[PDB]
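Participant: Sharing a structure here in structure tokens format.
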Amino acid sequence: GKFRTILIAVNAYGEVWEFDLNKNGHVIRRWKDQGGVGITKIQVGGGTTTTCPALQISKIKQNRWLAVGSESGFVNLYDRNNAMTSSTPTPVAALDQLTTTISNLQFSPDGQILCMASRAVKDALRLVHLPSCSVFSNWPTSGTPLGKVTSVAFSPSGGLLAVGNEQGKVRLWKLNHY
Amino acid sequence: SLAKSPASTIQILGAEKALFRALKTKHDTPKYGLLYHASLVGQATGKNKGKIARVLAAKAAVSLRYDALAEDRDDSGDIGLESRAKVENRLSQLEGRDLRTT
Amino acid sequence: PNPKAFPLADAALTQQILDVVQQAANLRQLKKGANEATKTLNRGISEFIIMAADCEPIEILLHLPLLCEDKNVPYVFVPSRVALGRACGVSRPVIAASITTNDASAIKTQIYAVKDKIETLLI
Amino acid sequence: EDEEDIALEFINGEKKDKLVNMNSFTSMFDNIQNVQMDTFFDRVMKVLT
Amino acid sequence: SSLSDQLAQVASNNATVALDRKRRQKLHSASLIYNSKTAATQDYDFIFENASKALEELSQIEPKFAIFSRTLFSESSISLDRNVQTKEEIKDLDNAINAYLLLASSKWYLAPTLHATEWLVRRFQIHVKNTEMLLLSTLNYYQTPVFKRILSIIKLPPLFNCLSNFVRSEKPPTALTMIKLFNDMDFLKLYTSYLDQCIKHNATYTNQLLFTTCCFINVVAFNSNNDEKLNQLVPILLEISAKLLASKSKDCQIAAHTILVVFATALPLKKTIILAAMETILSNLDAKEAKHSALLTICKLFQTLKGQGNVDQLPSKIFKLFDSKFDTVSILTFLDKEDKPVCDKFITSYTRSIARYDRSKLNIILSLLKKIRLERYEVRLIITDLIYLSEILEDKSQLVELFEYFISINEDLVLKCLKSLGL
Amino acid sequence: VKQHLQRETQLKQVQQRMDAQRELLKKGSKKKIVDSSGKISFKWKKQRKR
Amino acid sequence: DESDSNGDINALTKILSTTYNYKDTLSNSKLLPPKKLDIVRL
């Protein structure tokens, strides 16, 4: 019957602050992301979060992955179970498939896929299998109607993925594993 | 002075006559230099001789900057050993790469 | 990190330096890698010289402060080659880079402000 | 506790494993001249894990 | 079809007979040592002189060439013409030459073998009449000038088209091209037939076996993309792994372990298939180095299994044979090794098998759990099996020690399993 | 000496214009900006080259 | 010649002779397969 919530905030230099909100704003810890020259998005995933959210207090879990996507296209990716113990950690991986500014990160409700998607150019979405930290190779293909991806939303239950672009046309896919 | 010079100069260093004649005449510059008689350039074959001369010159400049400017020098040459490992791997891969059709 | 890497820029100065390195990359006024940096020093066209203080071994860019000193060009050490390579905007680690001289750019005021800060730090 | 939390225990317990990709074994052909088979097995396992 | 095509087949039928002096000069001019001029000059008495001398040397080095001294290296074999005998005698002559090539495959860094096979080449015309076994036997030497000479002589078969590009050039054929040659499928059927014959005649060696396991690993790596090409690569490579494991040599057993580990980390295989491979490994496991390699590959197969029923108990006969080949001190040394290769799923299945079957080595179980950091679902399954065994079997102090250890480390999971079953 | 200096300055400016034209040849997404003084410059799209 | 009439060494050959699909699909693991995505458009 008790949890406690933590706020993570990332500077443009790569310095990461972690406050807790139950007792008042008091910095639990600080650390630094490796590389990360201009960091534009951070996301946590693999447990419960503000996208695949909890439905009763007993169903709150602790997140495992923490992905940090920067302006150059690079997405560092951390395991929390080692990062919280190492206190200036080394990433599990550093993905570099995309080349423009990372403007969307979205974990699965489970945390097995990481969807990283830019905004500055067409056809700029890649899915990543975790903990392998490896980009899926057969989707999207060169004839996938993605557009300039500005919104990505995973479904909590049915295994859908919804992508919305600049032309104003969202588009559904269903993952057949789930 | 040899450590202060960059890597492309260490590649070119021997063939200065043909270098400056080609520069002032707007022709193609020589590619080997004095590094032709090193063993790796002696094992490569043609365009691989050019590419291995470039890679070996880069690694030689790395080693030179280490040795001329080391304060606690091991005098066992592990930097040179690893640069030779990288150059040997690069050369064997570039020889395994084939031009013709199979 | 490495005590032979003497002028080691802090968080605010390194943030200013990596911002001006990003602007210089997108203007294409930036020569990357230690050999091209040494070439810029020999030609005499560098505004200033950025190095990475965690290259192992450190001597392969320790050759550069001597020419920078003898030709009166500012140099500084930012603390990560990975972050420096991402600032210069290439998919590798880059241990040294140089902002080159052209007095008609649209980033000249930023380059001169950072260059003055580096001059103060070396002084 | 729930059966979904059992499944989440399975998923979160699963650890990473390095995949094989189309150019991961060429150094074997390089240094396979006069090595012994135990050393070759150790080299293959070190590339895998 | 066309007249030039039917005549082409007629020519390749009569490819070897010397119907005229010009064809005779060409056919007798192709040679392994001597060049064109001297090879067209000399004669069968000269070649046979060198052959008998070199075969005396080869029989002195390795004593199995006496039978070829009886049959393929006799004066009646100077006299007999291959192109005149009937098909039955042709077949027996081909068996003799194939057996010789299997024996003298492992000795090709030697002027004696070069001279003996010079006599075979320039009397029995192996280099056009049966070149398949010639190339397969001397395929592992592929940088060497002997292979360069063999290539410059041979008219290449259908399957060796990459070498048909590399024939009569200056550089050796490269490793990527050998990867092409093995990456065809009918070639792999042919080569696994060759190795099965080679094992059944019991003449393998470390260089050739290294070469063939390296080409097999590179074939699997090149076809890592296609789930379908891997799925049709399965029966060939796992049949040759079965025969290579049924062999007696520790070298063959380690090479089969290498093929097995790479193919099972490239393709997520069925549970029964993995357990059958483990059963053959343990059923023929004899030597010590092969024992080390077999433990490593069994851990790797049980780990790369990822699915349903992932971590269940080892069955009866498999657990019996596994303990008989690896008693507990060996696996405990493997676990307190400092390299620490990951083996948690195999360990968990091992402890569940001990808990159901043996019901004695529970202190050994405690030492295993003290040396290994298991995962959460594995700890849950071990605890559930121990709860069932405590409720069925009579309570014992070693079981009390195990539960005390759990309550020391991770008591609330034990509370959760008791809440699932009990008070 | 003054003539030496003037010749070297003229050559430096020539090489700068030549290097700009060389940069307009490789790759990337250039944008042809005109400075409202009337002078042409180029600006590349922010995208990490590989 | 042929007439069909301790763990053995013919187990792998017998298993390969029985089955025709090797890469298992009836796992249904609640894991996700790497490098090959099963996705449909909607």
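Every chain in the structure tokens has a letter given in the order shown (A, B, ...), and although residue numbers restart at 1 in each chain, ligands are simply numbered from 1 in the order shown.
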Looking only at the backbone, which of the residues in chain G does DSSP tag as helix (DSSP H, G or I), as number ranges by chain?

Facilitator: G: 11-18

Participant: Using only C-alpha atoms, determine which residues of chain C fall within 6 Å of chain F; present them as a list in words.

Facilitator: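 Listing them in order of chain and number gives residues 26, 27, 89, 90 and 91 of chain C.
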
Participant: Excluding residue 31 of chain A and residues on its chain fewer than 4 positions from it, collect all residues at most 7 Å away from it, counting only C-alpha atoms, and give them as a PyMOL selection string.

Facilitator: chain A and resi 15-17+87-88

Participant: One decimal, Å: what's the distance from atom CA of residue 21 of chain A over to atom CA of residue 85 of chain A, could you say?

Facilitator: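 Between atom CA of residue 21 of chain A and atom CA of residue 85 of chain A the gap works out to 20.7 Å.
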
Participant: Enter the distance from atom CA of residue 414 of chain E to atom CA of residue 365 of chain E, in Å, rounded to one decimal.

Facilitator: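 Atom-to-atom, atom CA of residue 414 of chain E and atom CA of residue 365 of chain E are spaced 16.8 Å apart.
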
Participant: So the first atom is atom CA of residue 89 of chain E and the second is atom CA of residue 55 of chain E; what is the distance between them in Å, to one decimal place?

Facilitator: 23.6 Å

Participant: Please return, as a PDB file with N, CA, C and O atoms, in the first residue's frame, all residues of chain C lying within 10 Å of chain B when only C-alpha atoms are considered.

Facilitator:
ATOM      1  N   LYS C   4      48.129  15.354 -17.235  1.00  0.00           N
ATOM      2  CA  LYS C   4      48.910  16.043 -18.249  1.00  0.00           C
ATOM      3  C   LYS C   4      48.045  16.923 -19.134  1.00  0.00           C
ATOM      4  O   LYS C   4      48.583  17.674 -19.951  1.00  0.00           O
ATOM      5  N   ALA C  34      42.992  14.966 -35.273  1.00  0.00           N
ATOM      6  CA  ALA C  34      44.222  15.594 -34.809  1.00  0.00           C
ATOM      7  C   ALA C  34      45.157  15.924 -35.964  1.00  0.00           C
ATOM      8  O   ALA C  34      45.876  16.926 -35.918  1.00  0.00           O
ATOM      9  N   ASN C  35      45.139  15.119 -37.026  1.00  0.00           N
ATOM     10  CA  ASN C  35      46.005  15.403 -38.165  1.00  0.00           C
ATOM     11  C   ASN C  35      45.526  16.622 -38.938  1.00  0.00           C
ATOM     12  O   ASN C  35      46.335  17.476 -39.312  1.00  0.00           O
ATOM     13  N   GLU C  36      44.220  16.741 -39.170  1.00  0.00           N
ATOM     14  CA  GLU C  36      43.710  17.946 -39.811  1.00  0.00           C
ATOM     15  C   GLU C  36      43.873  19.170 -38.926  1.00  0.00           C
ATOM     16  O   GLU C  36      44.089  20.270 -39.439  1.00  0.00           O
ATOM     17  N   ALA C  37      43.793  19.004 -37.606  1.00  0.00           N
ATOM     18  CA  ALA C  37      44.055  20.130 -36.718  1.00  0.00           C
ATOM     19  C   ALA C  37      45.508  20.580 -36.806  1.00  0.00           C
ATOM     20  O   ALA C  37      45.796  21.784 -36.849  1.00  0.00           O
ATOM     21  N   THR C  38      46.439  19.626 -36.863  1.00  0.00           N
ATOM     22  CA  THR C  38      47.844  19.973 -37.021  1.00  0.00           C
ATOM     23  C   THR C  38      48.111  20.623 -38.369  1.00  0.00           C
ATOM     24  O   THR C  38      48.944  21.534 -38.471  1.00  0.00           O
ATOM     25  N   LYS C  39      47.400  20.188 -39.405  1.00  0.00           N
ATOM     26  CA  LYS C  39      47.527  20.827 -40.705  1.00  0.00           C
ATOM     27  C   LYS C  39      47.043  22.272 -40.657  1.00  0.00           C
ATOM     28  O   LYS C  39      47.684  23.167 -41.217  1.00  0.00           O
ATOM     29  N   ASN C  42      49.690  24.348 -39.119  1.00  0.00           N
ATOM     30  CA  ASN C  42      50.844  24.615 -39.972  1.00  0.00           C
ATOM     31  C   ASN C  42      50.518  25.625 -41.064  1.00  0.00           C
ATOM     32  O   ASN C  42      51.378  26.426 -41.436  1.00  0.00           O
ATOM     33  N   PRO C  57      46.280   6.647 -25.580  1.00  0.00           N
ATOM     34  CA  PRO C  57      47.153   7.484 -24.755  1.00  0.00           C
ATOM     35  C   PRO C  57      47.079   8.957 -25.113  1.00  0.00           C
ATOM     36  O   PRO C  57      46.776   9.302 -26.249  1.00  0.00           O
ATOM     37  N   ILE C  58      47.389   9.816 -24.144  1.00  0.00           N
ATOM     38  CA  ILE C  58      47.153  11.252 -24.261  1.00  0.00           C
ATOM     39  C   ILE C  58      48.162  11.952 -25.170  1.00  0.00           C
ATOM     40  O   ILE C  58      47.875  13.054 -25.673  1.00  0.00           O
ATOM     41  N   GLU C  59      49.308  11.334 -25.448  1.00  0.00           N
ATOM     42  CA  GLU C  59      50.375  12.057 -26.130  1.00  0.00           C
ATOM     43  C   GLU C  59      50.024  12.365 -27.578  1.00  0.00           C
ATOM     44  O   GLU C  59      50.487  13.385 -28.136  1.00  0.00           O
ATOM     45  N   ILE C  60      49.153  11.545 -28.172  1.00  0.00           N
ATOM     46  CA  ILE C  60      48.848  11.660 -29.590  1.00  0.00           C
ATOM     47  C   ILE C  60      48.113  12.949 -29.892  1.00  0.00           C
ATOM     48  O   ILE C  60      48.029  13.347 -31.057  1.00  0.00           O
ATOM     49  N   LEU C  61      47.585  13.621 -28.875  1.00  0.00           N
ATOM     50  CA  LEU C  61      47.192  15.008 -28.994  1.00  0.00           C
ATOM     51  C   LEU C  61      47.999  15.930 -28.106  1.00  0.00           C
ATOM     52  O   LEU C  61      47.819  17.144 -28.201  1.00  0.00           O
ATOM     53  N   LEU C  62      48.872  15.407 -27.242  1.00  0.00           N
ATOM     54  CA  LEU C  62      49.792  16.308 -26.555  1.00  0.00           C
ATOM     55  C   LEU C  62      50.789  16.952 -27.497  1.00  0.00           C
ATOM     56  O   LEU C  62      51.479  17.887 -27.086  1.00  0.00           O
ATOM     57  N   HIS C  63      50.921  16.451 -28.723  1.00  0.00           N
ATOM     58  CA  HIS C  63      51.834  17.126 -29.649  1.00  0.00           C
ATOM     59  C   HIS C  63      51.342  18.503 -30.081  1.00  0.00           C
ATOM     60  O   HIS C  63      52.150  19.309 -30.545  1.00  0.00           O
ATOM     61  N   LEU C  64      50.049  18.785 -29.960  1.00  0.00           N
ATOM     62  CA  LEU C  64      49.403  20.016 -30.427  1.00  0.00           C
ATOM     63  C   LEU C  64      49.608  21.277 -29.577  1.00  0.00           C
ATOM     64  O   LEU C  64      49.696  22.371 -30.158  1.00  0.00           O
ATOM     65  N   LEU C  66      52.202  22.418 -28.243  1.00  0.00           N
ATOM     66  CA  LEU C  66      53.472  23.063 -28.551  1.00  0.00           C
ATOM     67  C   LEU C  66      53.327  24.020 -29.725  1.00  0.00           C
ATOM     68  O   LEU C  66      53.740  25.182 -29.645  1.00  0.00           O
ATOM     69  N   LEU C  67      52.722  23.557 -30.815  1.00  0.00           N
ATOM     70  CA  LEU C  67      52.502  24.438 -31.954  1.00  0.00           C
ATOM     71  C   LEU C  67      51.502  25.536 -31.624  1.00  0.00           C
ATOM     72  O   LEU C  67      51.659  26.671 -32.087  1.00  0.00           O
TER      73      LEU C  67
END

Participant: For chain D, work out the contacting residues on chain E at 8 Å, counting only C-alpha atoms, and write them as a list in words.

Facilitator: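 So the contacting residues turn out to be residues 175, 206, 207, 210, 211, 214, 217, 218, 221, 222, 223, 224, 225, 251, 254, 255, 258, 262, 265, 266, 289, 293, 375, 376 and 377 of chain E.
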
Participant: Please identify every residue of chain G that has at least one atom no more than 10 Å from any atom of chain D, counting only C-alpha atoms, and report them as a compact mmCIF listing (two decimals) with C-alpha atoms, in the first residue's frame.

Facilitator:
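Result saved to result_14.txt:
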# COMPACT_ATOMS: atom_id res chain seq x y z
CA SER G 29 6.99 -17.58 -24.64
CA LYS G 30 5.89 -14.15 -23.52
CA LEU G 31 9.34 -13.24 -24.82
CA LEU G 32 9.98 -11.35 -28.04
CA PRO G 34 14.99 -10.59 -32.02
CA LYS G 35 15.65 -9.03 -35.43

Participant: Using only C-alpha atoms, find which residues of chain E lie within 8 Å of chain B and jot them down as number ranges by chain.

Facilitator: E: 161-162, 165, 174-177

Participant: Which polymer residues have any atom within 10 Å of an atom of residue 274 of chain E, counting only C-alpha atoms, with same-chain residues fewer than 6 positions away left out, as a PyMOL selection string?

Facilitator: (chain E and resi 260+264+268+298+301-302+304-305) or (chain G and resi 12+15)

Participant: Residues as selected, N, CA and C atoms, written as an mmCIF file, in the first residue's frame, can you do that?

Facilitator:
data_model
loop_
_atom_site.group_PDB
_atom_site.id
_atom_site.type_symbol
_atom_site.label_atom_id
_atom_site.label_comp_id
_atom_site.auth_asym_id
_atom_site.auth_seq_id
_atom_site.Cartn_x
_atom_site.Cartn_y
_atom_site.Cartn_z
ATOM 1 N N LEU E 260 27.579 -27.228 -32.910
ATOM 2 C CA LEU E 260 26.349 -27.245 -32.132
ATOM 3 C C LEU E 260 26.096 -25.918 -31.438
ATOM 4 N N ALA E 264 22.969 -23.473 -32.461
ATOM 5 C CA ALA E 264 21.881 -23.262 -31.524
ATOM 6 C C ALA E 264 21.837 -21.848 -30.972
ATOM 7 N N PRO E 268 16.753 -20.524 -32.738
ATOM 8 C CA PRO E 268 16.087 -20.983 -31.516
ATOM 9 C C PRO E 268 15.390 -22.315 -31.721
ATOM 10 N N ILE E 298 26.760 -27.603 -23.174
ATOM 11 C CA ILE E 298 25.471 -27.957 -22.593
ATOM 12 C C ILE E 298 24.876 -26.760 -21.870
ATOM 13 N N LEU E 301 23.519 -24.394 -24.623
ATOM 14 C CA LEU E 301 22.264 -24.813 -25.247
ATOM 15 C C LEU E 301 21.087 -24.597 -24.305
ATOM 16 N N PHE E 302 21.250 -24.997 -23.040
ATOM 17 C CA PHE E 302 20.174 -24.790 -22.081
ATOM 18 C C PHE E 302 19.907 -23.318 -21.841
ATOM 19 N N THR E 304 20.381 -20.762 -24.318
ATOM 20 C CA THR E 304 19.767 -20.200 -25.521
ATOM 21 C C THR E 304 18.369 -20.730 -25.780
ATOM 22 N N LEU E 305 17.965 -21.810 -25.129
ATOM 23 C CA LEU E 305 16.545 -22.117 -25.084
ATOM 24 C C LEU E 305 15.805 -21.008 -24.346
ATOM 25 N N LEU G 12 19.809 -37.947 -31.825
ATOM 26 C CA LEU G 12 19.687 -36.750 -32.650
ATOM 27 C C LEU G 12 19.193 -37.094 -34.045
ATOM 28 N N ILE G 15 15.428 -37.878 -33.776
ATOM 29 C CA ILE G 15 14.619 -36.675 -33.607
ATOM 30 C C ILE G 15 14.533 -35.893 -34.910
#

Participant: Please find the residues of chain A near chain G - the criterion being any atom within 9 Å, counting only C-alpha atoms - and write them as a PDB file with N, CA, C and O atoms, in the first residue's frame.

Facilitator:
ATOM      1  N   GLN A 112       9.872  -4.419 -23.743  1.00  0.00           N
ATOM      2  CA  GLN A 112      10.643  -5.249 -24.654  1.00  0.00           C
ATOM      3  C   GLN A 112      10.997  -4.571 -25.964  1.00  0.00           C
ATOM      4  O   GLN A 112      11.994  -4.942 -26.582  1.00  0.00           O
ATOM      5  N   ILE A 113      10.213  -3.598 -26.410  1.00  0.00           N
ATOM      6  CA  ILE A 113      10.544  -2.793 -27.574  1.00  0.00           C
ATOM      7  C   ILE A 113      10.707  -1.352 -27.130  1.00  0.00           C
ATOM      8  O   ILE A 113       9.975  -0.873 -26.260  1.00  0.00           O
ATOM      9  N   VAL A 128      13.393  -1.100 -31.474  1.00  0.00           N
ATOM     10  CA  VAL A 128      14.573  -1.727 -30.900  1.00  0.00           C
ATOM     11  C   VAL A 128      14.120  -2.851 -29.987  1.00  0.00           C
ATOM     12  O   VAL A 128      13.271  -2.636 -29.121  1.00  0.00           O
ATOM     13  N   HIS A 129      14.680  -4.037 -30.168  1.00  0.00           N
ATOM     14  CA  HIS A 129      14.467  -5.114 -29.219  1.00  0.00           C
ATOM     15  C   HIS A 129      15.424  -4.938 -28.058  1.00  0.00           C
ATOM     16  O   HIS A 129      16.606  -4.633 -28.258  1.00  0.00           O
ATOM     17  N   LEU A 130      14.901  -5.125 -26.848  1.00  0.00           N
ATOM     18  CA  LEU A 130      15.602  -5.098 -25.580  1.00  0.00           C
ATOM     19  C   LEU A 130      15.465  -6.452 -24.904  1.00  0.00           C
ATOM     20  O   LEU A 130      14.427  -7.102 -25.042  1.00  0.00           O
ATOM     21  N   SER A 132      18.477  -7.042 -25.890  1.00  0.00           N
ATOM     22  CA  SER A 132      19.464  -7.187 -26.945  1.00  0.00           C
ATOM     23  C   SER A 132      19.986  -5.844 -27.409  1.00  0.00           C
ATOM     24  O   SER A 132      21.133  -5.770 -27.854  1.00  0.00           O
ATOM     25  N   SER A 134      19.006  -4.025 -30.029  1.00  0.00           N
ATOM     26  CA  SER A 134      19.281  -4.242 -31.443  1.00  0.00           C
ATOM     27  C   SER A 134      18.083  -3.807 -32.267  1.00  0.00           C
ATOM     28  O   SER A 134      16.950  -4.155 -31.937  1.00  0.00           O
ATOM     29  N   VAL A 135      18.331  -3.072 -33.342  1.00  0.00           N
ATOM     30  CA  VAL A 135      17.261  -2.499 -34.148  1.00  0.00           C
ATOM     31  C   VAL A 135      16.631  -3.573 -35.018  1.00  0.00           C
ATOM     32  O   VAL A 135      17.335  -4.353 -35.661  1.00  0.00           O
ATOM     33  N   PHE A 136      15.300  -3.626 -35.027  1.00  0.00           N
ATOM     34  CA  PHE A 136      14.595  -4.557 -35.899  1.00  0.00           C
ATOM     35  C   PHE A 136      14.857  -4.226 -37.357  1.00  0.00           C
ATOM     36  O   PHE A 136      14.874  -3.064 -37.759  1.00  0.00           O
ATOM     37  N   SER A 137      15.040  -5.266 -38.163  1.00  0.00           N
ATOM     38  CA  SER A 137      15.569  -5.093 -39.499  1.00  0.00           C
ATOM     39  C   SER A 137      14.550  -5.156 -40.611  1.00  0.00           C
ATOM     40  O   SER A 137      14.858  -4.696 -41.712  1.00  0.00           O
ATOM     41  N   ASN A 138      13.371  -5.715 -40.385  1.00  0.00           N
ATOM     42  CA  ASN A 138      12.449  -5.896 -41.490  1.00  0.00           C
ATOM     43  C   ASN A 138      11.265  -4.955 -41.448  1.00  0.00           C
ATOM     44  O   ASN A 138      10.385  -5.066 -42.301  1.00  0.00           O
ATOM     45  N   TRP A 139      11.208  -4.043 -40.483  1.00  0.00           N
ATOM     46  CA  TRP A 139      10.158  -3.047 -40.441  1.00  0.00           C
ATOM     47  C   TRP A 139      10.659  -1.829 -39.680  1.00  0.00           C
ATOM     48  O   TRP A 139      11.142  -1.971 -38.548  1.00  0.00           O
ATOM     49  N   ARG A 171      -1.934   6.130 -38.121  1.00  0.00           N
ATOM     50  CA  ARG A 171      -1.848   4.868 -38.838  1.00  0.00           C
ATOM     51  C   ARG A 171      -1.592   3.756 -37.842  1.00  0.00           C
ATOM     52  O   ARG A 171      -0.709   3.899 -36.988  1.00  0.00           O
ATOM     53  N   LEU A 172      -2.378   2.671 -37.907  1.00  0.00           N
ATOM     54  CA  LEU A 172      -2.285   1.658 -36.881  1.00  0.00           C
ATOM     55  C   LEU A 172      -1.463   0.491 -37.386  1.00  0.00           C
ATOM     56  O   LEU A 172      -1.517   0.139 -38.561  1.00  0.00           O
ATOM     57  N   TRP A 173      -0.732  -0.133 -36.482  1.00  0.00           N
ATOM     58  CA  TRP A 173      -0.192  -1.450 -36.736  1.00  0.00           C
ATOM     59  C   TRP A 173      -0.512  -2.299 -35.525  1.00  0.00           C
ATOM     60  O   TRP A 173      -0.697  -1.776 -34.430  1.00  0.00           O
ATOM     61  N   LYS A 174      -0.602  -3.602 -35.722  1.00  0.00           N
ATOM     62  CA  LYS A 174      -0.805  -4.535 -34.628  1.00  0.00           C
ATOM     63  C   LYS A 174       0.361  -5.494 -34.582  1.00  0.00           C
ATOM     64  O   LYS A 174       0.681  -6.124 -35.593  1.00  0.00           O
ATOM     65  N   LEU A 175       0.994  -5.611 -33.426  1.00  0.00           N
ATOM     66  CA  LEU A 175       2.071  -6.567 -33.256  1.00  0.00           C
ATOM     67  C   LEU A 175       1.434  -7.908 -32.930  1.00  0.00           C
ATOM     68  O   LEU A 175       0.561  -7.986 -32.063  1.00  0.00           O
ATOM     69  N   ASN A 176       1.842  -8.954 -33.641  1.00  0.00           N
ATOM     70  CA  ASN A 176       1.182 -10.241 -33.505  1.00  0.00           C
ATOM     71  C   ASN A 176       1.710 -11.061 -32.348  1.00  0.00           C
ATOM     72  O   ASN A 176       1.119 -12.097 -32.040  1.00  0.00           O
ATOM     73  N   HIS A 177       2.806 -10.648 -31.722  1.00  0.00           N
ATOM     74  CA  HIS A 177       3.271 -11.378 -30.556  1.00  0.00           C
ATOM     75  C   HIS A 177       2.304 -11.233 -29.398  1.00  0.00           C
ATOM     76  O   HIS A 177       1.902 -12.229 -28.787  1.00  0.00           O
ATOM     77  N   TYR A 178       1.929 -10.005 -29.078  1.00  0.00           N
ATOM     78  CA  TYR A 178       1.016  -9.741 -27.989  1.00  0.00           C
ATOM     79  C   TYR A 178      -0.393 -10.214 -28.316  1.00  0.00           C
ATOM     80  O   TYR A 178      -0.738 -11.375 -28.092  1.00  0.00           O
TER      81      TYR A 178
END

Participant: Let's see if you can do this: from backbone DSSP, list all strand (DSSP E or B) residues in chain F, as a list in words.

Facilitator: residues 30, 31, 32, 33, 34, 35, 39, 40, 41, 42, 43, 44 and 49 of chain F

Participant: Could those residues be written to a file, using N, CA, C and O atoms, as a compact mmCIF listing (two decimals), in the first residue's frame?

Facilitator:
# COMPACT_ATOMS: atom_id res chain seq x y z
N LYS F 30 22.01 21.40 -48.54
CA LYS F 30 22.40 22.79 -48.49
C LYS F 30 21.17 23.67 -48.64
O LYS F 30 20.18 23.27 -49.26
N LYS F 31 21.26 24.87 -48.10
CA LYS F 31 20.25 25.90 -48.26
C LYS F 31 20.97 27.16 -48.68
O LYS F 31 21.92 27.58 -48.02
N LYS F 32 20.55 27.73 -49.80
CA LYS F 32 21.23 28.88 -50.40
C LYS F 32 20.65 30.13 -49.77
O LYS F 32 19.59 30.61 -50.19
N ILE F 33 21.30 30.66 -48.75
CA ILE F 33 20.82 31.87 -48.12
C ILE F 33 21.46 33.07 -48.80
O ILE F 33 22.59 32.99 -49.29
N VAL F 34 20.71 34.16 -48.90
CA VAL F 34 21.22 35.41 -49.42
C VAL F 34 21.24 36.40 -48.28
O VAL F 34 20.20 36.68 -47.66
N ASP F 35 22.43 36.91 -47.96
CA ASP F 35 22.52 38.03 -47.05
C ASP F 35 22.00 39.29 -47.73
O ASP F 35 22.36 39.61 -48.87
N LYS F 39 24.78 39.18 -50.64
CA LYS F 39 25.87 38.24 -50.87
C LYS F 39 25.46 36.82 -50.50
O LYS F 39 24.80 36.59 -49.48
N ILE F 40 25.86 35.88 -51.31
CA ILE F 40 25.38 34.51 -51.21
C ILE F 40 26.20 33.77 -50.17
O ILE F 40 27.42 33.92 -50.11
N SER F 41 25.52 32.99 -49.32
CA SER F 41 26.16 32.05 -48.42
C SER F 41 25.35 30.76 -48.41
O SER F 41 24.24 30.71 -48.95
N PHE F 42 25.88 29.72 -47.79
CA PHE F 42 25.18 28.44 -47.76
C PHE F 42 25.14 27.92 -46.34
O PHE F 42 26.05 28.17 -45.55
N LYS F 43 24.08 27.19 -46.02
CA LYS F 43 23.85 26.70 -44.67
C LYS F 43 23.33 25.28 -44.76
O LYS F 43 22.35 25.03 -45.47
N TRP F 44 23.98 24.35 -44.07
CA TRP F 44 23.58 22.97 -44.22
C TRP F 44 22.54 22.59 -43.18
O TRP F 44 22.46 23.16 -42.09
N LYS F 49 26.22 13.49 -40.25
CA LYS F 49 26.76 12.68 -41.33
C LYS F 49 27.34 11.40 -40.76
O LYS F 49 27.70 11.34 -39.58

Participant: Compute the chain E side of the contact with chain G at 7 Å, counting only C-alpha atoms, and hand it back as a PyMOL selection string.

Facilitator: chain E and resi 231+235+239+242+246+267-270+273+276-277+279-280+283-284+307-308

Participant: At a cut-off of 6 Å, using only C-alpha atoms, what residues contact segment 5-10 of chain C? Leave out same-chain residues fewer than 2 positions from it and give the result as a VMD selection string.

Facilitator: chain C and resid 2 to 3 12 to 14 53 76 to 78

Participant: Which residues are near residue 37 of chain B? Cut-off 12 Å, only C-alpha atoms, ignore same chain within fewer than 4 positions. Put them as a list in words.

Facilitator: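 Residues near the query, excluding close chain neighbours: residues 11, 14, 32, 33, 41, 42, 43, 44, 49, 53 and 56 of chain B.
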